[PDB]
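Next up: the same protein chain in two forms, each one alone, written as structure tokens (structure 1, then structure 2).
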Structure 1
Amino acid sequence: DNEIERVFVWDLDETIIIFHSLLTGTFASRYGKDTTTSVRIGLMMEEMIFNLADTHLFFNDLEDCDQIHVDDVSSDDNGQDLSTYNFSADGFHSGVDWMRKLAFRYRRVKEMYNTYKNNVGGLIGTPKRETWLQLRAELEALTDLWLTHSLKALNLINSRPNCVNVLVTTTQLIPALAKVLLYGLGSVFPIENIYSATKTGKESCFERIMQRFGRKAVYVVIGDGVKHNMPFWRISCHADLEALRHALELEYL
């Protein structure tokens, strides 16, 4: 109620965030869909994602310096008006003066996320929004609206004032933020609740979450595939999501 009574940890890899099943063509051999179209949308979607991260989120600057959380380098940020500040003409390339030149970028990344997480058309201006809307619709027709079905459970946890949902993924932070922004997961996934388990591992992020949210809350993990007293909700199947949704409506979860 006043605090987070329950906390949900999502591992949307192998389905949404990381969809390597598309590119390998195994997705169509598993589900009987067309094999070539599946790979086509995958390469097209990955193109728009990395275009959004390069053109807006300084991905080339932060590719090798990818953090685990967005608020990690807030210690070296001297808050200043940087509207005139142009990031291209600074000392940054490839630290008290250069680690000072890293946080304001991530504060800018947080600003772009928290401003266009529900107005992606104002960030990637149409026709780019019209291109990705057609792009998502074509992929959702193959997966039988998996992301749309998965968003029903995400918004359900989000609306609960005692519940919050966090994201732990193996991709780098900036690409994962680009995927969450584009896919429409901006509202249901607060930017401070996204963890890129790339440098450390999945377990160092779990303890990172429990350290922040405390042990007085019930931790549940909903994901796919593979301690710390956190029950796991393997949700690979499509009708599985219906049951998880079904359990949330009746407050069993």
Structure 2
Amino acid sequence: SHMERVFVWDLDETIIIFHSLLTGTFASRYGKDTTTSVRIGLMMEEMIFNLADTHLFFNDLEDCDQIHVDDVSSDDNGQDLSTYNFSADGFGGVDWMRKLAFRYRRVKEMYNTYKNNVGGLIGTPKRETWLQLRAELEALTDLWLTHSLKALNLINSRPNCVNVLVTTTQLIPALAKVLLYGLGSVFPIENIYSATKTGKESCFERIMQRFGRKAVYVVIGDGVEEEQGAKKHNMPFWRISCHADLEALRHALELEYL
């Protein structure tokens, strides 16, 4: 009998500031040092891909534009992967399919066990240089992520609201990114979609198929792709282009009881 909202977020320049650190638009728009902006941007980049290659089988998975994490769970025998050896096991298209699923389920396990202990996944001294990086990044972005997190966690703690993520970034890199920015705990992994292949609207429709017509969808983002896909599917769109937009969204989130 309760009304139900599904919030479909964009990641880059919506929930997090990352790409605009490399192009200098954020530093330029908010009066920050561009040299520092790029240094930080690149350091994060290296961390995202290093984590992706080192722990998320990216060198392997890269050439596989899978939308969702469980898309090849058909070929998964559910065995234990604790002692399973991925390095030496082959790296065909049937028994090979079972090895794929093994890697993606293993990615899922890493995410869930480390979404709140990303420093334990990354280890030392990576953990330490990471906490320092997130510290310079928060300072430079005037606490942008702090602002997005307030909305994300309010949608999380609320019973009839759901957080969904649609990102143009590939799936593996997108998860390393989500983890490194501390979003792993706010986004259930089954709720992340890589629109790298199919496109944003394709993912948007797929998400509606999953949640139903009786739900109220809200597309949140800064770009044209999400806004346009939101229009074609006739879903309310909430544009974000400054810290104030996040503040407004958070405010709406706290006035309603479903």
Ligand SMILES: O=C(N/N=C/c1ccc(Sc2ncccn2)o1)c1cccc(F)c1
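Between two forms, the rigid core is defined as the largest C-alpha subset superposing within 1.5 Å. Residue 1 is the first residue of structure 1, and the numbers go on in sequence order from there.
Chemist: Two forms of the same chain appear here; which of them is the form solved in complex with the named molecule?
Modeler: Note: form solved in complex with the named molecule is structure 1; the other is not.
Chemist: After superposition on the rigid core, does the Cα atom of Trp10 shift by at least 2 Å between the two structures?
Modeler: Result for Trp10: no, shift under 2 Å.
Chemist: After the core is matched up, is the C-alpha of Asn86 off by 2 Å or more between the two structures?
Modeler: False for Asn86: its C-alpha shift is below 2 Å.
Chemist: After lining up the core, report the Cα displacement of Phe27 between the two structures in Å, one decimal place.
Modeler: So the C-alpha of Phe27 has moved 2.3 Å between the two structures.
Chemist: Can you give me the Cα shift for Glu46 between the two structures? Core-superposed, in angstrom, one decimal please.
Modeler: Comparing the two forms, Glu46 shifts 0.5 Å at C-alpha.
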